[PDB]
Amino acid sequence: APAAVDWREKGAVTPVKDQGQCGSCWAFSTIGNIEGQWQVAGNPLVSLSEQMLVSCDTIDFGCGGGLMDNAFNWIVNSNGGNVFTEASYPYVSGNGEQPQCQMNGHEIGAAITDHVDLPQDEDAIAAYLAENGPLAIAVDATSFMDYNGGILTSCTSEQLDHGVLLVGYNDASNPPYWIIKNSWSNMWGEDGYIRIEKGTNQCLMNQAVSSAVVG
């Protein structure tokens, strides 16, 4: 793996979004990953629909929670691999209301064929990220609640409860760090991002890493 990668500098990351008062973190994680994989395959960056997942994925529980694994499963096996654009199916669940699935004649922004689980190994994860693009990960978000910036080095690491997007890392920092896009608006953290120390499995970040496969 290279010393540093930041997919924001390669055009593969959309602006920071806000889930609002809905526990839809798992949907943001999933969609952020597909946004990045679709761009890295050689297509234009396009904002895709979390609402499609919140309202239509029947394996997961909308604002009550979900898993990236299940969302990828639903997309491929229940929705023919298709992901609608945000413009066609915009996010309305920020107030916690969950409307019924609409699905009819939406604009398709991206298509995926499969998804993969990555090894529970920070170096393997770094290598795959460097070659392939931003990855869906789960963390213990206990220490995120009080974060304002800097590199978090004493992250509570006990129970996975949040899905975020891994967008880069820097091994030429003391300490080395991962760069993570959160879904709590650009007013949280470092313009919506958090840096956590790399190499000490901070927040249990290595435990549940996955990605869609395009093509």
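In this text, rigid core is short for the largest set of C-alphas that superpose within 1.5 Å between two forms. Residue numbers run from 1 along the displayed sequence.
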Inset, instruction - Taking the root mean square of C-alpha distances over all structures and residues in 4 other deposited structures of this protein, with a rigid core superposition, name the larger of 75-83 and 101-109. - result: 101-109
Legend entry - Higher-scoring stretch by recorded Cα B factor average, 149-157 or 29-37: 149-157
Inset, instruction - Could you check which stretch, 204-212 or 1-9, carries the larger mean CA temperature factor in the entry? - result: 1-9
Legend entry - Peak C-alpha temperature factor (PDB record), options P176, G163, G168, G66: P176
Inset, instruction - Compare the CA B factors listed in the entry for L48, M187, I180, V54 and report the winner. - result: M187
Legend entry - CA B-factor ranking of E86, expressed as a third of its chain: middle
Inset, instruction - Ordered by C-alpha B-factor within the chain, which third holds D121? Give me lowest, middle or highest, please. - result: middle
Legend entry - For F72, the third of its chain into which the C-alpha B factor falls: lowest
Inset, instruction - State the tercile, meaning the lowest, middle or highest third, of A111 with respect to the CA B-factors recorded for its chain. - result: middle
Inset, instruction - Taking the chain's C-alpha temperature factors as the reference, tell me which third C101 falls into: lowest, middle or highest. - result: highest
